[PDB]
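K.L.:
Structure in structure tokens, see below.
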Amino acid sequence: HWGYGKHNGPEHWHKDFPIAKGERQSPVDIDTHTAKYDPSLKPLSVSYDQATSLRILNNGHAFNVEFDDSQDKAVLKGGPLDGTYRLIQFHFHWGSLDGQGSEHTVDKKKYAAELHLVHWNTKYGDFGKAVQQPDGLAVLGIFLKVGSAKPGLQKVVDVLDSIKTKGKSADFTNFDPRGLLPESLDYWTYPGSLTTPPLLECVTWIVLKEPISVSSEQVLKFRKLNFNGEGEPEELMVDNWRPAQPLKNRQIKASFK
Ligand SMILES: O=C(O)Cc1cccc([N+](=O)[O-])c1
Ligand code: NI
Ligand code: NI
């Protein structure tokens, strides 16, 4: 019964999941000067035209916007990836304050939040099977800074009062995730893991260099969510980020010079 606190936070997770101290854990700090430009990188293809959003769920640690992943409707390919990866959900990690919230850091800089678009490798047939493989998932990570509003985020922000507490869901159809992407698809990539229990080492991370801008008001609304279930004492859903983990024997590659 894990979480983000003093008593059950990241620094405790290893007792239940020894893989917490493994060789390819996420997130990491991205040292921009040491990431090497890789000319082998094939270009990134994000194909979201046919995406079908279904539902938004407060899962007790974040909220997930879920997609129909029963056909190739929203797929990631190219980049460092071999084969086709299907979008299943996106979520965010965020802070109690604008000065922290992202999981990845860039030369030790923390962003206010980070968006994760989660995709699974179609060669494994379903998400559950994919998470058991070293190349099972591809997560596209996008940093959020506070400034101008992101218009394409507002639909997400406005439904959050309907999913305040753990276990609540709401219909969330016709959402276009293209409206959450920055202009450039320049990226860093490295092999890593999920950043919550069970911490599976199944992720190819693709972290975009260009952040998106969201307004202070937008992020504030994220911070009104609750970790707790309805009828339990209120604990604001903030600081649901795992800190940077040791890079160990990995290299971060850049798609750009
Ligand atoms: O890495 C995370 O943000 C945690 C996490 C936990 C469970 C599933 C997830 N997913 O990638 O579908 C992600
Ligand atoms: Ni538990
Ligand atoms: Ni995540």
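Numbered by the authors' numbering, the letters in the sequence shown go through residues 4 to 125, 127 to 261 in order. Quick reminder that beta carbons are idealized off the backbone N, C-alpha and C, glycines included.
1) Taking all protein chains shown into account, decide if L100 is buried (16 or more other Cβ within 10 angstroms of its Cβ) or exposed.
2) Let me know the secondary structure DSSP gives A248 once reduced to three states.
3) Of all residues in the structure, which have a C-beta closer than 7 Å to any heavy atom of ligand 3, taken in chain order?
4) Taking the C-alpha atoms as reference points, what is the distance between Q222 and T169?
5) At the level of alpha carbons, what is the spacing between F226 and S43?
6) What are the complete beta strand (DSSP E) segments, minimum 3 residues, inside the region 36 to 108?
7) Comparing the CB of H10 with every heavy atom of ligand 2, is any distance shorter than 7 Å?
8) The alpha helix (DSSP H) spanning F231 covers which residue range?
9) On the premise that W192 lies in contact with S105, defined as a C-beta separation below 8 Å, what is that separation, rounded to the nearest angstrom?
10) What whole-angstrom Cβ distance do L79 and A142 have, given they're in contact under 8 Å?
11) Whole angstroms are fine: how far does the CA of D19 sit from the CA of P46?
12) Expressed to the nearest angstrom, what Euclidean distance is found between the alpha-carbon atoms of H107 and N62?
13) For ligand 2, is there any heavy atom lying closer than 7 Å to the beta carbon of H4?
14) With C-beta atoms as the reference, is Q92 less than 8 Å away from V121?
15) Can you find a heavy atom of ligand 1 that lies under 7 Å from the Cβ of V242?
16) Any idea what DSSP makes of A258, helix, strand or coil?
17) Three-state secondary structure (DSSP) at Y194?
18) If the criterion is Cβ atoms closer than 8 Å, does the pair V218 and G98 meet it?
19) Return the bridge partner residues of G6 from the DSSP annotation.
P.N.:
For this structure:
1) If you number the sequence shown from 1, residue 100 lands on position 97. Flag for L100 reads exposed.
2) In the sequence shown, counting from the first residue as 1, residue 248 sits at position 244. Three-state DSSP puts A248 in coil, outside helix and strand.
3) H94, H96, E106, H119, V143 and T199
4) Against the sequence shown, residue 222 aligns to sequence position 218. Against the sequence shown, residue 169 aligns to sequence position 165. Spanning the two alpha carbons is a distance of roughly 18 Å.
5) One-based indexing of the sequence shown puts residue 226 at position 222. One-based indexing of the sequence shown puts residue 43 at position 40. In a straight line, the C-alpha of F226 is about 39 Å away from that of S43.
6) 47 to 50, 56 to 61, 66 to 70, 78 to 81 and 88 to 97
7) The residue labelled residue 10 in the question sits at position 7 within the sequence shown. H10: no, Cβ never under 7 Å from ligand 2.
8) Position 227 of the sequence shown, counting from 1, holds the residue named residue 231. Counting along the chain, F231 falls outside any alpha helix (DSSP H), and DSSP gives it neither H nor E.
9) In the sequence shown, residue 105 corresponds to position 102, counting from 1. In the sequence shown, residue 192 corresponds to position 188, counting from 1. At roughly 13 Å, the Cβ-Cβ gap does not stay under 8 Å, so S105 and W192 are not in contact.
10) Taking the first residue of the sequence shown as 1, we reach residue 79 at position 76. Taking the first residue of the sequence shown as 1, we reach residue 142 at position 138. Approximately 6 Å separates the beta-carbon atoms of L79 and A142; this is inside 8 Å, confirming the contact.
11) Taking the sequence shown and counting its residues from 1, one reaches residue 46 at position 43. Taking the sequence shown and counting its residues from 1, one reaches residue 19 at position 16. Their Cα atoms are separated by approximately 39 Å.
12) For this step, residue 107 is matched to residue 104 along the sequence shown. For this step, residue 62 is matched to residue 59 along the sequence shown. If I take the Cα positions, the gap works out to 22 Å.
13) By 1-based counting over the sequence shown, the position of residue 4 is 1. Within the cutoff, so yes.
14) Taking the sequence shown and counting its residues from 1, the one referred to as residue 92 is at position 89. Taking the sequence shown and counting its residues from 1, the one referred to as residue 121 is at position 118. Yes.
15) Within the sequence shown, the letter at position 238 stands for residue 242. No, the Cβ of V242 stays beyond 7 Å of every heavy atom of ligand 1.
16) Along the sequence shown, one-based indexing puts residue 258 at 254. Correct three-state label for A258: strand.
17) Sequence index remark: in the sequence shown, residue 194 carries index 190 (1-based). It is a strand residue.
18) Along the sequence shown, one-based indexing puts residue 218 at 214. Along the sequence shown, one-based indexing puts residue 98 at 95. The answer is no: Cβ separation not under 8 Å.
19) Translated into positions along the sequence shown, residue 6 becomes position 3. None, per the DSSP bridge assignment.
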